[PDB]
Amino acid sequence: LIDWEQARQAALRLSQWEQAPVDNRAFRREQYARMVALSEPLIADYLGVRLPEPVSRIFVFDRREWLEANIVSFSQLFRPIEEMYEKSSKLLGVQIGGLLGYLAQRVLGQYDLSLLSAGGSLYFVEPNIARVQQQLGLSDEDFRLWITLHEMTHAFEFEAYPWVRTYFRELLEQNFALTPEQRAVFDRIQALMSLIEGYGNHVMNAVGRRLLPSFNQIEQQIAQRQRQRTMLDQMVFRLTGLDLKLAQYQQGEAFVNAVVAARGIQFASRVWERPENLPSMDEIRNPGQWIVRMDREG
């Protein structure tokens, strides 16, 4: 159905990788290596869980490397559509590859795209990271530590609780089985993505604040880039056949801030015990409902 080699070429060219080579890969690897060595522990302690596999490797990517490493995983997001097609391919490849090449000049790291996030290492696309830092007049050190913290947080959220990816893979299979039925699926995927961001943004405030003097500055400046990441993450879902709609922000963050204010981090950590403990989109809009439901458990 899709010519993936046309797509690959289209992606490589639109990414304009040649114009954004990584400078000083050597000291950047040093920087990230030590920022993760610090990060993992601080996050492990705050969340009371460890990674099944400590982050023992880190990769500093340019746009070309990001593409070479993600194109197969990307195409595979289309398997449900390409099989279902069996039971122009060039022009499709041009469009999908184009969109992917576009993503290559905006992605900053490992967990920017949920469908690609579905262990033992982390990568950073330093070129785009450097361009954002400078366009926002931010601190070299502070922004990259901010990014590392954000990155490690999501690694924990996706890997510290084994059921998360299983449950995420479950939800994907569900959707493809074909209505209030499909909406239930979207509702769940949407609520999971929301909690992952909100809980992740909560850990940022609690661990990143103590270590980033420009923290307030960054959160302010990065605001629009976050709105952007959300739109592109959603775009990837619709492209592959999940015409759902992600939630802005605060929606999932205010949920967590609310309950944490109302009962503490330990209580709020209950959302990580099982898929059933994740709030519905409704509960995210009204945490109270969730707090009550968790109370009735046991």
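Residue numbers run from 1 along the displayed sequence.
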property	result
Deposited but uncoordinated residues in the residue 178/residue 179 interval	10 or more
Deposited but uncoordinated residues in the residue 118/residue 119 interval	1 to 3
Greater mean Cα temperature factor according to the PDB record, 62-70 or 239-247	239-247
78-86 versus 164-172 - greater average Cα B-factor per the deposited record	78-86
Most elevated Cα B-factor in the entry, residues 215, 199, 102, 124	215
Residue, from 222, 108, 152, 96, that the PDB entry assigns the highest Cα B-factor	222
Cα B factor band for residue 273 (lowest, middle or highest third within the chain)	lowest
Third assignment of residue 158 from its chain's C-alpha B-factors	middle
Third assignment of residue 296 from its chain's C-alpha B-factors	highest
Within-chain third of residue 286 by Cα B-factor, per the entry	highest
Chain thirds of CA B-factor: placement of residue 262	highest
